[PDB]
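K.L.:
upload-v2.txt is reproduced below (compact mmCIF, C-alpha atoms).
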```txt
# COMPACT_ATOMS: atom_id res chain seq x y z
CA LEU A 734 5.36 -1.50 2.07
CA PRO A 735 4.20 -4.11 -0.47
CA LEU A 736 5.38 -7.68 0.05
CA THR A 737 6.66 -7.86 -3.53
CA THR A 738 8.72 -4.69 -3.08
CA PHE A 739 10.12 -6.03 0.20
CA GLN A 740 11.04 -9.33 -1.45
CA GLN A 741 12.72 -7.74 -4.48
CA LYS A 742 14.65 -5.26 -2.34
CA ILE A 743 15.89 -8.01 -0.02
CA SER A 744 16.77 -10.11 -3.10
CA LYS A 745 18.88 -7.32 -4.59
CA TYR A 746 20.46 -6.77 -1.17
CA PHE A 747 21.25 -10.42 -0.35
CA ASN A 748 21.23 -13.25 -2.88
CA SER A 749 18.01 -15.24 -2.54
CA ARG A 750 19.60 -18.53 -3.64
CA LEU A 751 21.97 -18.81 -0.66
CA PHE A 752 19.37 -17.52 1.83
CA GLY A 753 16.16 -19.50 1.44
CA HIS A 754 13.58 -19.91 4.19
CA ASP A 755 15.41 -17.30 6.30
CA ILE A 756 13.44 -14.42 4.77
CA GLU A 757 10.11 -16.24 5.00
CA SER A 758 10.83 -17.06 8.65
CA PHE A 759 11.70 -13.40 9.27
CA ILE A 760 8.46 -12.16 7.70
CA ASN A 761 6.34 -14.84 9.38
CA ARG A 762 7.84 -13.69 12.68
CA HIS A 763 7.55 -9.92 12.17
CA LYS A 764 5.05 -9.18 9.38
CA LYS A 765 1.73 -7.33 9.61
CA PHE A 766 -0.89 -6.20 7.10
CA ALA A 767 -2.45 -3.06 8.67
CA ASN A 768 -5.58 -5.24 8.89
CA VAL A 769 -6.60 -8.80 9.69
CA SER A 770 -5.24 -9.72 6.24
CA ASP A 771 -4.00 -7.56 3.37
CA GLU A 772 -1.17 -7.38 0.80
CA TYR A 773 1.24 -4.93 2.43
CA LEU A 774 3.91 -4.97 5.14
CA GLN A 775 4.28 -2.25 7.79
CA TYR A 776 8.07 -2.17 7.65
CA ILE A 777 10.77 0.11 6.24
CA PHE A 778 14.42 -0.26 5.24
CA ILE A 779 17.56 1.62 6.28
CA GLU A 780 17.88 3.50 2.98
CA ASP A 781 14.21 4.49 3.27
CA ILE A 782 14.33 5.56 6.93
CA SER A 783 17.42 7.64 6.15
CA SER A 784 15.51 9.49 3.43
CA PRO A 785 12.88 11.97 4.75
CA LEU B 734 -24.21 -22.38 1.31
CA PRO B 735 -21.65 -23.87 -1.12
CA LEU B 736 -17.94 -23.93 -0.34
CA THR B 737 -16.97 -21.87 -3.39
CA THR B 738 -19.15 -18.94 -2.34
CA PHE B 739 -18.03 -19.47 1.26
CA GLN B 740 -14.46 -18.93 0.05
CA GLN B 741 -15.49 -15.95 -2.09
CA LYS B 742 -17.19 -14.30 0.90
CA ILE B 743 -14.31 -15.09 3.29
CA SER B 744 -11.65 -13.85 0.86
CA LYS B 745 -12.27 -10.25 2.01
CA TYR B 746 -11.48 -10.93 5.69
CA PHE B 747 -8.81 -13.66 5.92
CA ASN B 748 -6.03 -14.37 3.44
CA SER B 749 -5.39 -17.95 2.36
CA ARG B 750 -1.60 -17.63 2.14
CA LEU B 751 -1.66 -16.51 5.79
CA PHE B 752 -3.51 -19.36 7.52
CA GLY B 753 -4.73 -21.86 4.93
CA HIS B 754 -3.83 -24.69 7.30
CA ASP B 755 -6.02 -23.18 10.03
CA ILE B 756 -8.76 -22.40 7.50
CA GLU B 757 -8.99 -26.02 6.35
CA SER B 758 -8.58 -27.09 9.98
CA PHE B 759 -11.74 -25.32 11.11
CA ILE B 760 -13.46 -26.18 7.81
CA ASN B 761 -13.09 -29.91 8.45
CA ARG B 762 -13.76 -29.36 12.16
CA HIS B 763 -17.19 -27.93 11.30
CA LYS B 764 -17.86 -29.84 8.07
CA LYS B 765 -21.27 -31.50 7.77
CA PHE B 766 -21.30 -32.33 4.01
CA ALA B 767 -24.71 -33.07 2.42
CA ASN B 768 -27.09 -30.61 0.70
CA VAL B 769 -27.02 -29.82 -3.04
CA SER B 770 -24.05 -31.63 -4.60
CA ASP B 771 -21.19 -30.28 -2.45
CA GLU B 772 -20.32 -30.00 1.24
CA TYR B 773 -22.28 -27.60 3.44
CA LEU B 774 -21.39 -25.97 6.76
CA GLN B 775 -23.54 -24.37 9.46
CA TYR B 776 -22.03 -20.88 9.61
CA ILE B 777 -23.22 -17.32 9.12
CA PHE B 778 -21.21 -14.09 9.13
CA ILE B 779 -21.67 -11.58 11.94
CA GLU B 780 -20.77 -8.66 9.66
CA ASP B 781 -23.40 -9.66 7.08
CA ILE B 782 -26.24 -9.93 9.60
CA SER B 783 -25.03 -6.71 11.27
CA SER B 784 -25.22 -4.90 7.93
CA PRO B 785 -28.72 -4.16 6.52
```
Any chance you could give the structure as structure tokens?

P.N.:
Amino acid sequence: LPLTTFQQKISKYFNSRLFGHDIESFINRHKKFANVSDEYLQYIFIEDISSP
Amino acid sequence: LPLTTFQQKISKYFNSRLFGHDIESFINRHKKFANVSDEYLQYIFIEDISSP
């Protein structure tokens, strides 16, 4: 999943003003790129894993 | 080789927003300055010499 898509989906889920560095800490803890460095995150959401 | 082309070559392996602190850390660790009009480092890329 793209980082921008992840960020916008988490922003529409939870307000990004109240929750600040929490999301960046979460991604810095558990983010990959399917490479040494890229622009995509190997993670999925609940509404996406529910869908086939 | 100049720092700008060093960055251009390294942009395809490591992302700056990932580890810019570490990138500048090793850059200053191995900085030698001098040559031309900008700083120069003693480093070559294993992938480049491996490729024809």

K.L.:
Hey, what's within 12 Å of range 767-783 of chain B if we count all atoms listed in the file and toss same-chain stuff fewer than 4 positions away? As a ChimeraX atom specification, please?

P.N.:
/B:734-740,742-743,745-746,759-763

K.L.:
Grab the residues selected above and save them as a PDB file, in the coordinates of the input with C-alpha atoms.

P.N.:
```pdb
ATOM      1  CA  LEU B 734     -24.210 -22.380   1.310  1.00  0.00           C
ATOM      2  CA  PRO B 735     -21.650 -23.870  -1.120  1.00  0.00           C
ATOM      3  CA  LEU B 736     -17.940 -23.930  -0.340  1.00  0.00           C
ATOM      4  CA  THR B 737     -16.970 -21.870  -3.390  1.00  0.00           C
ATOM      5  CA  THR B 738     -19.150 -18.940  -2.340  1.00  0.00           C
ATOM      6  CA  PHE B 739     -18.030 -19.470   1.260  1.00  0.00           C
ATOM      7  CA  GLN B 740     -14.460 -18.930   0.050  1.00  0.00           C
ATOM      8  CA  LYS B 742     -17.190 -14.300   0.900  1.00  0.00           C
ATOM      9  CA  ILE B 743     -14.310 -15.090   3.290  1.00  0.00           C
ATOM     10  CA  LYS B 745     -12.270 -10.250   2.010  1.00  0.00           C
ATOM     11  CA  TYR B 746     -11.480 -10.930   5.690  1.00  0.00           C
ATOM     12  CA  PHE B 759     -11.740 -25.320  11.110  1.00  0.00           C
ATOM     13  CA  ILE B 760     -13.460 -26.180   7.810  1.00  0.00           C
ATOM     14  CA  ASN B 761     -13.090 -29.910   8.450  1.00  0.00           C
ATOM     15  CA  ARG B 762     -13.760 -29.360  12.160  1.00  0.00           C
ATOM     16  CA  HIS B 763     -17.190 -27.930  11.300  1.00  0.00           C
TER      17      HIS B 763
END
```

K.L.:
What residues in chain B have any atom no more than 8 Å from chain A when counting all atoms listed in the file, and can you write them as an mmCIF file with C-alpha atoms, in the frame of the given file?

P.N.:
```
data_model
loop_
_atom_site.group_PDB
_atom_site.id
_atom_site.type_symbol
_atom_site.label_atom_id
_atom_site.label_comp_id
_atom_site.auth_asym_id
_atom_site.auth_seq_id
_atom_site.Cartn_x
_atom_site.Cartn_y
_atom_site.Cartn_z
ATOM 1 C CA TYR B 746 -11.480 -10.930 5.690
ATOM 2 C CA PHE B 747 -8.810 -13.660 5.920
ATOM 3 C CA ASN B 748 -6.030 -14.370 3.440
ATOM 4 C CA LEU B 751 -1.660 -16.510 5.790
#
```

K.L.:
What would you get as a PDB file with C-alpha atoms, in the coordinates of the input if chain B were moved onto chain A by least squares over all of its C-alpha atoms in order?

P.N.:
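part-v2.pdb, freshly written:
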```
ATOM      1  CA  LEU B 734       3.411  -2.085   2.526  1.00  0.00           C
ATOM      2  CA  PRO B 735       2.545  -5.164   0.417  1.00  0.00           C
ATOM      3  CA  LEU B 736       4.745  -8.252   0.375  1.00  0.00           C
ATOM      4  CA  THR B 737       5.401  -8.088  -3.371  1.00  0.00           C
ATOM      5  CA  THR B 738       6.908  -4.607  -3.146  1.00  0.00           C
ATOM      6  CA  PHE B 739       8.690  -5.646   0.054  1.00  0.00           C
ATOM      7  CA  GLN B 740      10.376  -8.390  -1.977  1.00  0.00           C
ATOM      8  CA  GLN B 741      11.090  -6.006  -4.862  1.00  0.00           C
ATOM      9  CA  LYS B 742      12.763  -3.527  -2.493  1.00  0.00           C
ATOM     10  CA  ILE B 743      14.716  -6.240  -0.635  1.00  0.00           C
ATOM     11  CA  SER B 744      15.910  -7.904  -3.848  1.00  0.00           C
ATOM     12  CA  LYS B 745      18.751  -5.351  -4.121  1.00  0.00           C
ATOM     13  CA  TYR B 746      20.290  -6.194  -0.722  1.00  0.00           C
ATOM     14  CA  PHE B 747      19.750  -9.908   0.018  1.00  0.00           C
ATOM     15  CA  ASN B 748      19.548 -12.745  -2.491  1.00  0.00           C
ATOM     16  CA  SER B 749      16.762 -15.300  -2.168  1.00  0.00           C
ATOM     17  CA  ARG B 750      18.838 -18.298  -3.272  1.00  0.00           C
ATOM     18  CA  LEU B 751      21.253 -17.444  -0.439  1.00  0.00           C
ATOM     19  CA  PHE B 752      18.978 -17.376   2.620  1.00  0.00           C
ATOM     20  CA  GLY B 753      15.365 -17.864   1.547  1.00  0.00           C
ATOM     21  CA  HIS B 754      14.796 -20.047   4.605  1.00  0.00           C
ATOM     22  CA  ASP B 755      15.999 -17.250   6.899  1.00  0.00           C
ATOM     23  CA  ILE B 756      14.048 -14.666   4.890  1.00  0.00           C
ATOM     24  CA  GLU B 757      10.757 -16.521   5.346  1.00  0.00           C
ATOM     25  CA  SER B 758      11.792 -17.263   8.933  1.00  0.00           C
ATOM     26  CA  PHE B 759      11.979 -13.597   9.892  1.00  0.00           C
ATOM     27  CA  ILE B 760       9.001 -12.804   7.636  1.00  0.00           C
ATOM     28  CA  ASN B 761       6.731 -15.127   9.612  1.00  0.00           C
ATOM     29  CA  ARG B 762       8.441 -14.075  12.850  1.00  0.00           C
ATOM     30  CA  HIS B 763       7.356 -10.473  12.220  1.00  0.00           C
ATOM     31  CA  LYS B 764       4.174 -11.129  10.227  1.00  0.00           C
ATOM     32  CA  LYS B 765       1.075  -9.211  11.319  1.00  0.00           C
ATOM     33  CA  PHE B 766      -1.221  -9.836   8.292  1.00  0.00           C
ATOM     34  CA  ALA B 767      -4.215  -7.479   7.866  1.00  0.00           C
ATOM     35  CA  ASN B 768      -4.387  -4.232   5.841  1.00  0.00           C
ATOM     36  CA  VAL B 769      -5.432  -4.050   2.167  1.00  0.00           C
ATOM     37  CA  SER B 770      -5.937  -7.602   0.879  1.00  0.00           C
ATOM     38  CA  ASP B 771      -2.526  -9.135   1.677  1.00  0.00           C
ATOM     39  CA  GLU B 772      -0.236  -9.517   4.688  1.00  0.00           C
ATOM     40  CA  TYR B 773       1.504  -6.451   6.106  1.00  0.00           C
ATOM     41  CA  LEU B 774       4.633  -6.127   8.246  1.00  0.00           C
ATOM     42  CA  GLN B 775       5.910  -3.316  10.468  1.00  0.00           C
ATOM     43  CA  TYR B 776       9.316  -2.652   8.906  1.00  0.00           C
ATOM     44  CA  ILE B 777      11.108   0.269   7.300  1.00  0.00           C
ATOM     45  CA  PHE B 778      14.517   0.366   5.613  1.00  0.00           C
ATOM     46  CA  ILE B 779      17.376   2.273   7.224  1.00  0.00           C
ATOM     47  CA  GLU B 780      18.971   3.007   3.841  1.00  0.00           C
ATOM     48  CA  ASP B 781      15.744   4.519   2.471  1.00  0.00           C
ATOM     49  CA  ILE B 782      15.213   6.870   5.417  1.00  0.00           C
ATOM     50  CA  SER B 783      18.942   7.715   5.384  1.00  0.00           C
ATOM     51  CA  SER B 784      18.692   8.695   1.717  1.00  0.00           C
ATOM     52  CA  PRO B 785      16.820  11.948   0.883  1.00  0.00           C
TER      53      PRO B 785
END
```

K.L.:
Can you tell me how far CA of residue 755 in chain B sits from CA of residue 784 in chain B, in Å to one decimal?

P.N.:
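Value for the CA of residue 755 in chain B-CA of residue 784 in chain B distance: 26.6 Å.
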
K.L.:
Just give me the gap between CA of residue 744 in chain B and CA of residue 756 in chain B in Å, one decimal is fine.

P.N.:
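The value is 11.2 Å.
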
K.L.:
Rounded to one decimal place, report the CA of residue 753 in chain B-CA of residue 753 in chain A distance in Å.

P.N.:
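If I compute the distance from CA of residue 753 in chain B to CA of residue 753 in chain A, I get 21.3 Å.
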
K.L.:
First collect every listed atom of range 737-744 of chain A; then fit an axis-aligned box around them, widen it by 4 Å on each side, and give centre and edge lengths in Å to one decimal, as lines of an AutoDock Vina configuration file.

P.N.:
```
center_x = 11.7
center_y = -7.4
center_z = -2.1
size_x = 18.1
size_y = 13.4
size_z = 12.7
```
